[PDB]
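protein_24.cif follows (mmCIF, C-alpha atoms and all ligand atoms):
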```cif
data_query
loop_
_atom_site.label_atom_id
_atom_site.label_comp_id
_atom_site.auth_asym_id
_atom_site.auth_seq_id
_atom_site.Cartn_x
_atom_site.Cartn_y
_atom_site.Cartn_z
CA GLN Z 22 -7.94 174.59 -107.43
CA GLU Z 23 -10.66 174.52 -110.11
CA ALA Z 24 -14.27 173.45 -110.42
CA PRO Z 25 -14.38 169.73 -109.54
CA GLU Z 26 -16.91 169.02 -112.29
CA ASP Z 27 -15.26 171.03 -115.06
CA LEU Z 28 -11.85 169.39 -114.67
CA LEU Z 29 -13.54 166.00 -115.02
CA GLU Z 30 -14.10 166.51 -118.74
CA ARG Z 31 -10.52 167.71 -119.21
CA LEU Z 32 -9.36 164.79 -117.08
CA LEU Z 33 -11.28 162.33 -119.25
CA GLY Z 34 -10.18 164.26 -122.32
CA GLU Z 35 -6.56 163.33 -121.69
CA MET Z 36 -7.75 159.98 -120.33
CA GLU Z 37 -8.41 158.33 -123.69
CA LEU Z 38 -5.60 160.06 -125.59
CA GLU Z 39 -3.05 158.55 -123.22
CA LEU Z 40 -4.85 155.21 -123.43
CA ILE Z 41 -4.67 155.01 -127.22
CA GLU Z 42 -0.96 155.81 -127.27
CA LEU Z 43 -0.45 152.57 -125.38
CA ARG Z 44 -2.52 150.70 -127.95
CA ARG Z 45 -0.19 151.97 -130.67
CA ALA Z 46 3.00 150.62 -129.11
CA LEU Z 47 1.56 147.24 -128.13
CA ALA Z 48 1.42 146.19 -131.77
CA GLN Z 49 4.97 147.51 -132.14
CA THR Z 50 6.45 144.85 -129.88
CA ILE Z 51 4.40 142.11 -131.54
CA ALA Z 52 5.60 143.12 -135.00
CA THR Z 53 9.26 142.77 -134.05
CA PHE Z 54 8.31 139.68 -132.05
CA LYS Z 55 7.34 137.87 -135.24
CA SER Z 56 10.36 139.34 -137.02
CA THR Z 57 12.68 137.24 -134.87
CA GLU Z 58 10.20 134.36 -135.00
CA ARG Z 59 10.82 134.20 -138.74
CA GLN Z 60 14.53 134.83 -138.19
CA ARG Z 61 14.90 131.68 -136.10
CA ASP Z 62 13.17 129.60 -138.76
CA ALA Z 63 15.56 130.93 -141.39
CA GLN Z 64 18.69 129.72 -139.62
CA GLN Z 65 17.45 126.21 -138.84
CA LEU Z 66 16.57 125.78 -142.50
CA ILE Z 67 20.16 126.72 -143.31
CA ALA Z 68 21.19 123.93 -140.97
CA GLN Z 69 18.75 121.67 -142.80
CA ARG Z 70 20.48 122.57 -146.05
CA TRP Z 71 23.72 121.81 -144.24
CA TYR Z 72 21.94 118.69 -143.03
CA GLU Z 73 20.82 118.03 -146.60
CA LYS Z 74 24.49 118.12 -147.56
CA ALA Z 75 25.14 115.81 -144.63
CA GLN Z 76 22.53 113.36 -145.89
CA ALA Z 77 24.26 113.29 -149.28
CA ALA Z 78 27.66 113.98 -147.73
CA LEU Z 79 28.22 110.21 -147.93
CA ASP Z 80 26.84 109.87 -151.46
CA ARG Z 81 30.50 109.88 -152.50
CA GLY Z 82 31.01 107.14 -149.91
CA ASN Z 83 33.31 109.45 -147.93
CA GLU Z 84 32.59 109.90 -144.24
CA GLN Z 85 35.37 112.46 -143.76
CA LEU Z 86 33.75 115.36 -145.60
CA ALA Z 87 30.44 114.93 -143.78
CA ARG Z 88 32.32 115.66 -140.55
CA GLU Z 89 33.18 119.21 -141.58
CA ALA Z 90 29.59 120.03 -142.50
CA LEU Z 91 28.31 118.45 -139.29
CA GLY Z 92 30.81 120.58 -137.40
CA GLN Z 93 29.86 123.53 -139.59
CA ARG Z 94 26.17 123.52 -138.69
CA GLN Z 95 26.78 123.23 -134.95
CA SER Z 96 27.69 126.92 -134.87
CA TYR Z 97 24.20 127.62 -136.17
CA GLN Z 98 22.64 124.94 -133.97
CA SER Z 99 23.72 126.76 -130.81
CA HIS Z 100 22.59 130.01 -132.40
CA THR Z 101 19.30 128.29 -133.18
CA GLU Z 102 18.86 127.31 -129.54
CA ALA Z 103 20.13 130.70 -128.39
CA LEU Z 104 17.41 132.53 -130.31
CA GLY Z 105 14.81 129.79 -129.93
CA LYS Z 106 14.75 130.19 -126.15
CA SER Z 107 14.86 133.97 -126.44
CA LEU Z 108 11.34 134.21 -127.84
CA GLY Z 109 9.95 131.65 -125.40
CA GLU Z 110 9.99 134.05 -122.47
CA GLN Z 111 8.59 136.91 -124.54
CA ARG Z 112 5.71 134.70 -125.69
CA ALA Z 113 3.92 134.73 -122.34
CA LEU Z 114 5.43 138.11 -121.49
CA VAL Z 115 3.34 140.04 -124.00
CA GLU Z 116 0.29 137.90 -123.23
CA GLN Z 117 0.33 139.37 -119.73
CA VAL Z 118 0.32 142.79 -121.38
CA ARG Z 119 -2.79 142.03 -123.42
CA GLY Z 120 -4.74 141.13 -120.30
CA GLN Z 121 -3.97 144.57 -118.89
CA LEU Z 122 -5.24 146.42 -121.96
CA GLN Z 123 -8.44 144.42 -122.42
CA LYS Z 124 -9.07 144.51 -118.68
CA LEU Z 125 -8.24 148.21 -118.48
CA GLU Z 126 -10.54 149.46 -121.24
CA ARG Z 127 -13.59 147.71 -119.79
CA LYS Z 128 -12.98 149.77 -116.66
CA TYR Z 129 -13.05 153.05 -118.57
CA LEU Z 130 -16.54 152.59 -120.00
CA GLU Z 131 -18.15 152.04 -116.61
CA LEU Z 132 -16.74 155.44 -115.64
CA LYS Z 133 -18.29 157.23 -118.60
CA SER Z 134 -21.61 155.50 -117.97
CA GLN Z 135 -21.80 157.69 -114.86
CA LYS Z 136 -19.85 160.70 -116.11
CA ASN Z 137 -22.92 162.46 -117.47
CA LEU Z 138 -25.19 160.98 -114.81
CA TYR Z 139 -23.58 162.96 -111.99
CA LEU Z 140 -23.63 166.14 -114.07
CA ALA Z 141 -27.39 165.98 -114.54
CA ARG Z 142 -27.92 165.48 -110.82
CA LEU Z 143 -25.51 168.35 -110.22
CA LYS Z 144 -27.64 170.56 -112.44
CA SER Z 145 -30.72 169.01 -110.85
CA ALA Z 146 -29.85 170.43 -107.44
CA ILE Z 147 -28.06 173.54 -108.72
CA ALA Z 148 -31.38 174.83 -110.00
CA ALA Z 149 -33.24 173.35 -107.03
CA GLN Z 150 -31.38 175.64 -104.65
CA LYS Z 151 -31.46 178.41 -107.26
CA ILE Z 152 -35.22 178.13 -107.73
CA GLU Z 153 -36.44 177.98 -104.15
CA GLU Z 154 -33.75 180.36 -102.91
CA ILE Z 155 -35.13 182.91 -105.36
CA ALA Z 156 -38.61 181.66 -104.46
CA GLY Z 157 -37.82 181.60 -100.75
CA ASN Z 158 -41.24 182.97 -99.85
CA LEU Z 159 -44.05 185.26 -100.93
CA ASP Z 160 -45.32 186.27 -97.47
CA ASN Z 161 -41.91 186.51 -95.79
CA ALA Z 162 -43.26 189.33 -93.57
CA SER Z 163 -39.67 190.57 -93.12
CA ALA Z 164 -39.23 192.47 -96.43
CA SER Z 165 -36.29 190.19 -97.24
CA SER Z 166 -38.26 188.25 -99.83
CA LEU Z 167 -38.96 190.18 -103.00
CA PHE Z 168 -42.73 189.78 -102.71
CA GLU Z 169 -43.08 191.22 -99.22
CA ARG Z 170 -40.74 194.06 -100.20
CA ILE Z 171 -43.38 195.17 -102.68
CA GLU Z 172 -46.19 194.53 -100.20
CA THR Z 173 -44.79 196.93 -97.62
CA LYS Z 174 -44.13 199.53 -100.31
CA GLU E 126 27.99 143.21 -134.84
CA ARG E 127 26.05 140.08 -133.91
CA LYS E 128 26.02 141.43 -130.37
CA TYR E 129 24.47 144.73 -131.42
CA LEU E 130 21.36 143.21 -133.00
CA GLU E 131 20.39 141.28 -129.88
CA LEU E 132 20.38 144.63 -128.08
CA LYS E 133 18.00 146.26 -130.56
CA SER E 134 15.73 143.21 -130.43
CA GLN E 135 14.92 144.35 -126.89
CA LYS E 136 15.38 148.09 -127.34
CA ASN E 137 11.76 148.69 -128.29
CA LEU E 138 10.51 145.84 -126.11
CA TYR E 139 11.40 147.60 -122.87
CA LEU E 140 9.89 150.86 -124.12
CA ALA E 141 6.50 149.26 -124.69
CA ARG E 142 6.52 147.76 -121.21
CA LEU E 143 7.59 151.14 -119.88
CA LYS E 144 4.57 152.72 -121.54
CA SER E 145 2.53 149.71 -120.44
CA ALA E 146 3.02 150.55 -116.78
CA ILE E 147 3.29 154.32 -117.23
CA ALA E 148 -0.36 154.38 -118.22
CA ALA E 149 -1.21 151.62 -115.75
CA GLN E 150 -0.25 153.87 -112.84
CA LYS E 151 -1.66 156.87 -114.70
CA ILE E 152 -5.00 155.18 -115.30
CA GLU E 153 -5.76 153.72 -111.90
CA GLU E 154 -4.19 156.65 -110.06
CA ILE E 155 -6.68 158.89 -111.85
CA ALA E 156 -9.27 156.14 -111.35
CA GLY E 157 -8.22 155.56 -107.75
CA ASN E 158 -11.81 155.15 -106.61
CA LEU E 159 -15.39 156.25 -107.17
CA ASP E 160 -16.66 155.83 -103.59
CA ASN E 161 -13.53 157.07 -101.83
CA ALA E 162 -15.72 158.48 -99.02
CA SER E 163 -12.91 160.96 -98.22
CA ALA E 164 -13.56 163.58 -100.95
CA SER E 165 -10.02 162.96 -102.24
CA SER E 166 -11.24 161.03 -105.26
CA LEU E 167 -12.92 163.17 -107.88
CA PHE E 168 -16.16 161.19 -107.77
CA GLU E 169 -16.78 161.52 -104.04
CA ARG E 170 -15.88 165.21 -104.26
CA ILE E 171 -18.95 165.66 -106.45
CA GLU E 172 -21.04 163.37 -104.26
CA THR E 173 -20.52 165.47 -101.15
CA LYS E 174 -21.20 168.65 -103.11
CA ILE E 175 -24.52 167.19 -104.26
CA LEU E 176 -25.60 166.54 -100.68
CA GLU E 177 -24.23 169.92 -99.62
CA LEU E 178 -27.02 171.77 -101.41
CA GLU E 179 -29.56 169.03 -100.71
CA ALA E 180 -29.85 169.97 -97.05
CA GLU E 181 -29.14 173.61 -97.86
CA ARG E 182 -32.43 173.83 -99.73
CA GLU E 183 -34.26 171.91 -97.00
CA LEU E 184 -33.26 174.40 -94.31
CA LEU E 185 -34.53 177.31 -96.40
CA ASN E 186 -37.95 175.66 -96.36
CA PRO E 187 -39.05 173.44 -93.46
CA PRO E 188 -40.50 170.15 -94.69
CA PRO E 189 -43.89 168.74 -93.69
CA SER E 190 -44.24 167.68 -90.08
CA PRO E 191 -44.87 163.96 -89.45
CA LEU E 192 -48.22 164.96 -87.97
CA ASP E 193 -48.95 167.15 -90.99
CA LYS E 194 -48.33 164.32 -93.45
CA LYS E 195 -50.00 161.86 -91.08
CA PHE E 196 -53.16 163.96 -90.89
CA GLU E 197 -52.80 164.82 -94.57
CA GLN E 198 -52.79 161.18 -95.65
CA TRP E 199 -55.40 160.31 -93.02
CA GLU E 200 -57.51 163.23 -94.24
CA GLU E 201 -57.12 161.71 -97.69
CA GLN E 202 -58.07 158.34 -96.19
CA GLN E 203 -61.10 159.99 -94.62
CA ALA E 204 -61.66 161.57 -98.02
CA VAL E 205 -61.12 158.11 -99.50
CA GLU E 206 -63.72 156.69 -97.14
CA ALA E 207 -65.87 159.79 -97.59
CA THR E 208 -65.54 159.25 -101.33
CA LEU E 209 -66.10 155.57 -100.55
CA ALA E 210 -69.25 156.76 -98.80
CA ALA E 211 -70.07 158.43 -102.10
CA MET E 212 -69.25 155.11 -103.76
CA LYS E 213 -71.87 153.39 -101.61
CA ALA E 214 -74.14 156.42 -101.82
CA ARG E 215 -74.17 156.50 -105.63
CA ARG E 216 -74.04 152.74 -106.22
CA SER E 217 -76.60 152.09 -103.49
CA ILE S 175 9.46 149.17 -114.36
CA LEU S 176 9.03 147.34 -111.07
CA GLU S 177 8.99 150.64 -109.20
CA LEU S 178 5.56 151.52 -110.55
CA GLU S 179 4.41 147.89 -110.58
CA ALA S 180 4.07 147.76 -106.81
CA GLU S 181 3.16 151.46 -106.70
CA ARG S 182 -0.07 150.71 -108.53
CA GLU S 183 -0.73 147.64 -106.38
CA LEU S 184 -0.62 149.63 -103.14
CA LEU S 185 -3.12 152.16 -104.50
CA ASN S 186 -5.56 149.27 -104.93
CA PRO S 187 -5.43 146.20 -102.68
CA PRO S 188 -5.51 142.98 -104.69
CA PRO S 189 -7.94 140.10 -104.13
CA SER S 190 -7.53 138.20 -100.90
CA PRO S 191 -6.54 134.52 -101.20
CA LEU S 192 -9.87 133.68 -99.59
CA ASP S 193 -11.68 135.99 -102.01
CA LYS S 194 -10.17 134.32 -105.07
CA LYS S 195 -10.49 130.92 -103.40
CA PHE S 196 -14.20 131.42 -102.77
CA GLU S 197 -14.53 133.17 -106.13
CA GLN S 198 -13.13 130.21 -108.05
CA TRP S 199 -14.94 127.77 -105.77
CA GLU S 200 -18.14 129.74 -106.29
CA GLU S 201 -17.45 129.35 -110.00
CA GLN S 202 -16.82 125.65 -109.38
CA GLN S 203 -20.12 125.49 -107.51
CA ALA S 204 -21.55 127.42 -110.44
CA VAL S 205 -19.78 124.94 -112.71
CA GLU S 206 -21.37 122.07 -110.81
CA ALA S 207 -24.63 124.01 -110.54
CA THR S 208 -24.41 124.53 -114.29
CA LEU S 209 -23.37 120.89 -114.44
CA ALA S 210 -26.57 120.22 -112.52
CA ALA S 211 -28.27 122.12 -115.33
CA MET S 212 -26.31 119.91 -117.73
CA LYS S 213 -27.81 116.81 -116.12
CA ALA S 214 -31.14 118.59 -115.64
CA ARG S 215 -31.51 119.52 -119.31
CA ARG S 216 -29.91 116.39 -120.79
CA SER S 217 -31.75 114.14 -118.35
CA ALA R 77 -26.62 121.11 -128.72
CA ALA R 78 -23.20 120.71 -127.09
CA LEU R 79 -24.25 117.12 -126.38
CA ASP R 80 -25.73 116.52 -129.84
CA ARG R 81 -22.42 114.79 -130.55
CA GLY R 82 -23.03 112.80 -127.37
CA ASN R 83 -19.94 114.38 -125.79
CA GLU R 84 -20.33 115.96 -122.37
CA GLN R 85 -16.73 117.20 -122.26
CA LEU R 86 -17.05 119.97 -124.84
CA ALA R 87 -20.20 121.37 -123.25
CA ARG R 88 -18.12 122.03 -120.13
CA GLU R 89 -15.88 124.57 -121.87
CA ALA R 90 -18.84 126.52 -123.24
CA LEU R 91 -20.59 126.43 -119.88
CA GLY R 92 -17.39 127.75 -118.33
CA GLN R 93 -17.08 130.20 -121.20
CA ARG R 94 -20.43 131.91 -120.62
CA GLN R 95 -19.91 132.31 -116.88
CA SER R 96 -17.56 135.21 -117.57
CA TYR R 97 -20.47 136.94 -119.28
CA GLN R 98 -22.95 135.74 -116.66
CA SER R 99 -21.15 137.66 -113.92
CA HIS R 100 -20.86 140.60 -116.30
CA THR R 101 -24.59 140.24 -116.94
CA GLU R 102 -25.33 140.44 -113.22
CA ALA R 103 -22.74 143.18 -112.77
CA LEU R 104 -24.49 145.44 -115.28
CA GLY R 105 -27.99 144.17 -114.49
CA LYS R 106 -27.80 145.46 -110.92
CA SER R 107 -26.14 148.68 -112.06
CA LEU R 108 -29.28 149.99 -113.76
CA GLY R 109 -31.55 148.88 -110.92
CA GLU R 110 -30.46 151.69 -108.62
CA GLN R 111 -30.59 154.28 -111.40
CA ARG R 112 -34.15 153.22 -112.24
CA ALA R 113 -35.70 154.78 -109.15
CA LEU R 114 -32.91 157.35 -108.97
CA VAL R 115 -34.07 159.30 -112.03
CA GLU R 116 -37.71 158.83 -111.04
CA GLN R 117 -37.00 160.96 -107.97
CA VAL R 118 -35.62 163.58 -110.36
CA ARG R 119 -38.80 163.68 -112.41
CA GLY R 120 -40.89 164.43 -109.34
CA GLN R 121 -38.74 167.49 -108.70
CA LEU R 122 -39.19 168.89 -112.20
CA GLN R 123 -42.94 168.32 -112.45
CA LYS R 124 -43.40 169.56 -108.89
CA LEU R 125 -41.12 172.53 -109.49
CA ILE P 175 3.90 145.60 -143.13
CA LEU P 176 3.70 143.53 -139.96
CA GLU P 177 3.34 146.70 -137.88
CA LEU P 178 -0.18 147.29 -139.16
CA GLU P 179 -0.94 143.57 -139.41
CA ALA P 180 -1.23 143.19 -135.65
CA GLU P 181 -2.51 146.75 -135.32
CA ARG P 182 -5.67 145.78 -137.17
CA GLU P 183 -5.98 142.54 -135.21
CA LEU P 184 -6.04 144.33 -131.86
CA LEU P 185 -8.81 146.66 -133.05
CA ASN P 186 -10.95 143.56 -133.64
CA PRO P 187 -10.47 140.39 -131.58
CA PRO P 188 -10.24 137.31 -133.79
CA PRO P 189 -12.35 134.17 -133.39
CA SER P 190 -11.70 132.13 -130.28
CA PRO P 191 -10.35 128.60 -130.80
CA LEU P 192 -13.55 127.31 -129.23
CA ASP P 193 -15.61 129.57 -131.50
CA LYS P 194 -13.97 128.25 -134.66
CA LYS P 195 -13.92 124.74 -133.20
CA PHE P 196 -17.66 124.81 -132.52
CA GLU P 197 -18.20 126.71 -135.77
CA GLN P 198 -16.52 124.03 -137.87
CA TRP P 199 -18.04 121.28 -135.73
CA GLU P 200 -21.43 122.94 -136.11
CA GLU P 201 -20.76 122.84 -139.84
CA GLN P 202 -19.74 119.20 -139.45
CA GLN P 203 -22.98 118.59 -137.58
CA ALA P 204 -24.64 120.53 -140.39
CA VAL P 205 -22.64 118.39 -142.80
CA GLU P 206 -23.91 115.26 -141.08
CA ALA P 207 -27.34 116.83 -140.68
CA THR P 208 -27.22 117.59 -144.39
CA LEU P 209 -25.81 114.09 -144.76
CA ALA P 210 -28.90 112.98 -142.87
CA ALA P 211 -30.81 114.85 -145.56
CA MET P 212 -28.66 113.01 -148.09
CA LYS P 213 -29.82 109.68 -146.66
CA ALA P 214 -33.31 111.07 -146.06
CA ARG P 215 -33.81 112.17 -149.66
CA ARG P 216 -31.91 109.32 -151.34
CA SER P 217 -33.49 106.75 -149.03
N1 LIG M 1 -46.72 179.09 -93.54
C1 LIG M 1 -46.35 180.39 -93.46
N2 LIG M 1 -47.27 181.37 -93.34
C2 LIG M 1 -46.92 182.67 -93.25
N3 LIG M 1 -45.65 183.09 -93.28
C3 LIG M 1 -44.62 182.22 -93.40
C4 LIG M 1 -44.92 180.78 -93.50
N4 LIG M 1 -43.75 180.15 -93.61
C5 LIG M 1 -42.77 181.09 -93.58
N5 LIG M 1 -43.29 182.32 -93.46
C6 LIG M 1 -42.52 183.58 -93.40
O1 LIG M 1 -41.36 183.50 -94.24
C7 LIG M 1 -40.26 184.12 -93.58
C8 LIG M 1 -38.95 183.44 -93.93
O2 LIG M 1 -38.48 183.96 -95.18
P1 LIG M 1 -36.91 184.23 -95.48
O3 LIG M 1 -36.79 185.50 -96.28
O4 LIG M 1 -36.32 182.95 -96.03
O5 LIG M 1 -36.26 184.50 -94.03
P2 LIG M 1 -36.46 185.89 -93.24
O6 LIG M 1 -37.86 185.84 -92.69
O7 LIG M 1 -35.38 185.85 -92.18
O8 LIG M 1 -36.25 186.96 -94.28
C9 LIG M 1 -40.55 184.07 -92.09
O9 LIG M 1 -40.19 185.30 -91.46
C10 LIG M 1 -42.04 183.81 -91.98
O10 LIG M 1 -42.72 184.92 -91.39
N1 LIG M 2 -14.70 148.02 -101.55
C1 LIG M 2 -14.89 149.30 -101.15
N2 LIG M 2 -16.12 149.76 -100.81
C2 LIG M 2 -16.32 151.03 -100.41
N3 LIG M 2 -15.33 151.93 -100.31
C3 LIG M 2 -14.05 151.61 -100.61
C4 LIG M 2 -13.75 150.25 -101.06
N4 LIG M 2 -12.43 150.20 -101.29
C5 LIG M 2 -11.92 151.43 -101.02
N5 LIG M 2 -12.89 152.27 -100.62
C6 LIG M 2 -12.70 153.68 -100.24
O1 LIG M 2 -11.68 154.29 -101.04
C7 LIG M 2 -10.87 155.14 -100.23
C8 LIG M 2 -9.43 155.16 -100.71
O2 LIG M 2 -9.31 156.10 -101.79
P1 LIG M 2 -8.02 157.05 -101.98
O3 LIG M 2 -8.49 158.41 -102.44
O4 LIG M 2 -7.01 156.30 -102.81
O5 LIG M 2 -7.42 157.23 -100.50
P2 LIG M 2 -8.10 158.19 -99.39
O6 LIG M 2 -9.31 157.44 -98.90
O7 LIG M 2 -7.02 158.36 -98.35
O8 LIG M 2 -8.43 159.46 -100.14
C9 LIG M 2 -10.99 154.63 -98.80
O9 LIG M 2 -11.11 155.72 -97.89
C10 LIG M 2 -12.23 153.76 -98.79
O10 LIG M 2 -13.26 154.32 -97.97
#
```
Kindly present the structure from the file in structure tokens form.
Ligand SMILES: Nc1ncnc2c1ncn2[C@@H]1O[C@H](COP(=O)(O)OP(=O)(O)O)[C@@H](O)[C@H]1O
Ligand SMILES: Nc1ncnc2c1ncn2[C@@H]1O[C@H](COP(=O)(O)OP(=O)(O)O)[C@@H](O)[C@H]1O
Amino acid sequence: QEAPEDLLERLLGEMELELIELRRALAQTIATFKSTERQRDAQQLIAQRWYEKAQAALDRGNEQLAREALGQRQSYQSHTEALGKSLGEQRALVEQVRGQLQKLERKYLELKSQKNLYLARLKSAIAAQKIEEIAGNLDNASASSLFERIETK
Amino acid sequence: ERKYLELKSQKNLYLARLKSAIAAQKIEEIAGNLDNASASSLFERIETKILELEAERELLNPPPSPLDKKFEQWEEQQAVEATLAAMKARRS
Amino acid sequence: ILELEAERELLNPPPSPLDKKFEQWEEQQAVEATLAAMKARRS
Amino acid sequence: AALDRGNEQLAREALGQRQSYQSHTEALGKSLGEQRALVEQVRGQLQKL
Amino acid sequence: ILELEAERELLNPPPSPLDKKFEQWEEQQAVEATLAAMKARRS
């Protein structure tokens, strides 16, 4: 149990620090995301080189040898598909994440737009009671007010 | 070994999503509402406190009576017309 | 992950199907109303 | 100028693009309306006080 | 290297496909408008 107003600043103090930490990691997933993106492209090219051998595999006029290379690439081909699909799901998966962050930050600012506004009104009334309470009256007639206290004396 | 790498490809991916929602609950839970109307949210807590003193000050000093303001403004209106009588008096 | 996913949703009710339906339709009416501006300004 | 090309299709995207801002414009435009008279009440207190 | 690459991008949203598309088209219209100046000044 603390002052409701004072904890607000501390609350918003940790508010942004936690928010930024998220922003740091979001790029982290994207970086590795492209890392595999390149990785897939590397393997298919290797198949293309294997395919390039296949294209010239018959330059000798022999169809037999081409068979081994065509069977050789297939191991990669399945690996190509295996990894190719893997990034497909992640593609829209992160995109959903971005909507959260952009949507979320816009919310924060609207809060701060009022953060100080309430405080001023708080001080506006804090004095207001303080002023007139101290200035309750000058002719109280009961000696409770400071002025009448002197008057009776 | 080929198996191991596929694991790491997702190792960090789950962590980011974990942090993605960890804040998400943290943010909106802290930002549950601004007009809660129940004093549970931090904003409304302040709102009620503002009004708490508002009437507190009013009790310490009775405000003008409707008749008092009504005669006061009417007295001004009579003053307005009386000044308006001066308007006619000085102009004509 | 899913544990908190719905946890957050409960703390804040999501848009009603009618709300989004009118919201997008209102945009569509705005689209057509802006489309009326399209015709209004072009012709 | 979206129709300067004579194409009405492209103008549609831009007209749909702004609407996001348009609601944001109204969202913030109203926000300051209440505060406008809200502070004014405050000033009367201070000068009166 | 890639870690910061996207880090910078998030801190500043890049151009929208429509923005670049209108931007280049606006240039193309400027190109044609300048091309209109080409015809205007040459003929
Ligand atoms: N218009 C007025 N003319 C003369 N006295 C007034 C007037 N209004 C209030 N008072 C006096 O102010 C007093 C109230 O002052 P306060 O100290 O707040 O309460 P208390 O009188 O119980 O000490 C009343 O007792 C009353 O006699
Ligand atoms: N659209 C709305 N307009 C006004 N008040 C709302 C709206 N949505 C929610 N609220 C208020 O927010 C409160 C819920 O805030 P919360 O603190 O999470 O629960 P509780 O009200 O039990 O404290 C509700 O009591 C309700 O009055």
(message) How would you report the residues lying within 6 Å of ligand LIG 2 (chain M), as a list in words, if you count all atoms listed in the file?
(response) residues 157, 158, 160, 161, 162, 163, 165 and 166 of chain E; 185 of chain S
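Atom CA of residue 91 of chain Z to atom CA of residue 73 of chain Z spans 10.5 Å [interatomic distance, one decimal].
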(request) Would you kindly report the residues of chain Z within 12 Å of chain R, using all atoms listed in the file, as a list in words? (result) residues 127, 130, 131, 134, 135, 138, 139, 141, 142, 143, 144, 145, 146, 148, 149, 150, 151, 152, 153 and 156 of chain Z
For ligand LIG 1 (chain M), return the neighbouring residues as a PDB file with C-alpha atoms, in the frame of the given file (distance at most 10 Å; all atoms listed in the file).
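So selection_29.pdb came out as:
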```pdb
ATOM      1  CA  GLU Z 153     -36.440 177.980-104.150  1.00  0.00           C
ATOM      2  CA  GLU Z 154     -33.750 180.360-102.910  1.00  0.00           C
ATOM      3  CA  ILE Z 155     -35.130 182.910-105.360  1.00  0.00           C
ATOM      4  CA  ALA Z 156     -38.610 181.660-104.460  1.00  0.00           C
ATOM      5  CA  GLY Z 157     -37.820 181.600-100.750  1.00  0.00           C
ATOM      6  CA  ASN Z 158     -41.240 182.970 -99.850  1.00  0.00           C
ATOM      7  CA  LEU Z 159     -44.050 185.260-100.930  1.00  0.00           C
ATOM      8  CA  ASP Z 160     -45.320 186.270 -97.470  1.00  0.00           C
ATOM      9  CA  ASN Z 161     -41.910 186.510 -95.790  1.00  0.00           C
ATOM     10  CA  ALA Z 162     -43.260 189.330 -93.570  1.00  0.00           C
ATOM     11  CA  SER Z 163     -39.670 190.570 -93.120  1.00  0.00           C
ATOM     12  CA  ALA Z 164     -39.230 192.470 -96.430  1.00  0.00           C
ATOM     13  CA  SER Z 165     -36.290 190.190 -97.240  1.00  0.00           C
ATOM     14  CA  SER Z 166     -38.260 188.250 -99.830  1.00  0.00           C
ATOM     15  CA  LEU Z 167     -38.960 190.180-103.000  1.00  0.00           C
ATOM     16  CA  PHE Z 168     -42.730 189.780-102.710  1.00  0.00           C
ATOM     17  CA  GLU Z 169     -43.080 191.220 -99.220  1.00  0.00           C
TER      18      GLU Z 169
ATOM     19  CA  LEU E 184     -33.260 174.400 -94.310  1.00  0.00           C
ATOM     20  CA  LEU E 185     -34.530 177.310 -96.400  1.00  0.00           C
ATOM     21  CA  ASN E 186     -37.950 175.660 -96.360  1.00  0.00           C
ATOM     22  CA  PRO E 187     -39.050 173.440 -93.460  1.00  0.00           C
TER      23      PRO E 187
END
```
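Atom CA of residue 79 of chain R is positioned 14.4 Å from atom CA of residue 204 of chain P.
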(message) Show me, as JSON, numbers by chain, every residue of chain R with an atom at most 12 Å from chain S, counting all atoms listed in the file.
(response) {"R": [77, 78, 79, 80, 82, 83, 84, 85, 86, 87, 88, 89, 90, 91, 92, 93, 94, 95, 96, 98, 99]}
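Across the model, the gap from atom CA of residue 190 of chain S to atom CA of residue 123 of chain Z is 22.4 Å.
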(request) Mind checking which residues fall within 9 Å of residue 75 of chain Z, counting only C-alpha atoms, ignoring those fewer than 5 positions away in the same chain, and posting them as an MDAnalysis selection string? (result) chainID Z and resid 69:70 86:88 90:91
(request) Please determine the contact residues of chain E with respect to chain Z at a cut-off of 6 Å, counting all atoms listed in the file, and supply them as a VMD selection string. (result) chain E and resid 138 141 182
Go through chain E residue by residue and, counting only C-alpha atoms, keep those with an atom at most 10 Å from chain S; for each kept residue give the shortest atom pair and its distance in Å to one decimal, ordered by chain and increasing number, as JSON lines.
```
{"residue": "E:139", "atom": "CA", "partner": "S:175", "partner_atom": "CA", "distance": 8.9}
{"residue": "E:140", "atom": "CA", "partner": "S:175", "partner_atom": "CA", "distance": 9.9}
{"residue": "E:142", "atom": "CA", "partner": "S:175", "partner_atom": "CA", "distance": 7.6}
{"residue": "E:143", "atom": "CA", "partner": "S:175", "partner_atom": "CA", "distance": 6.2}
{"residue": "E:144", "atom": "CA", "partner": "S:175", "partner_atom": "CA", "distance": 9.4}
{"residue": "E:145", "atom": "CA", "partner": "S:175", "partner_atom": "CA", "distance": 9.2}
{"residue": "E:146", "atom": "CA", "partner": "S:178", "partner_atom": "CA", "distance": 6.8}
{"residue": "E:147", "atom": "CA", "partner": "S:178", "partner_atom": "CA", "distance": 7.6}
{"residue": "E:149", "atom": "CA", "partner": "S:182", "partner_atom": "CA", "distance": 7.4}
{"residue": "E:150", "atom": "CA", "partner": "S:182", "partner_atom": "CA", "distance": 5.3}
{"residue": "E:151", "atom": "CA", "partner": "S:182", "partner_atom": "CA", "distance": 8.9}
{"residue": "E:152", "atom": "CA", "partner": "S:182", "partner_atom": "CA", "distance": 9.5}
{"residue": "E:153", "atom": "CA", "partner": "S:182", "partner_atom": "CA", "distance": 7.3}
{"residue": "E:154", "atom": "CA", "partner": "S:185", "partner_atom": "CA", "distance": 7.2}
{"residue": "E:157", "atom": "CA", "partner": "S:185", "partner_atom": "CA", "distance": 6.9}
{"residue": "E:158", "atom": "CA", "partner": "S:186", "partner_atom": "CA", "distance": 8.7}
```
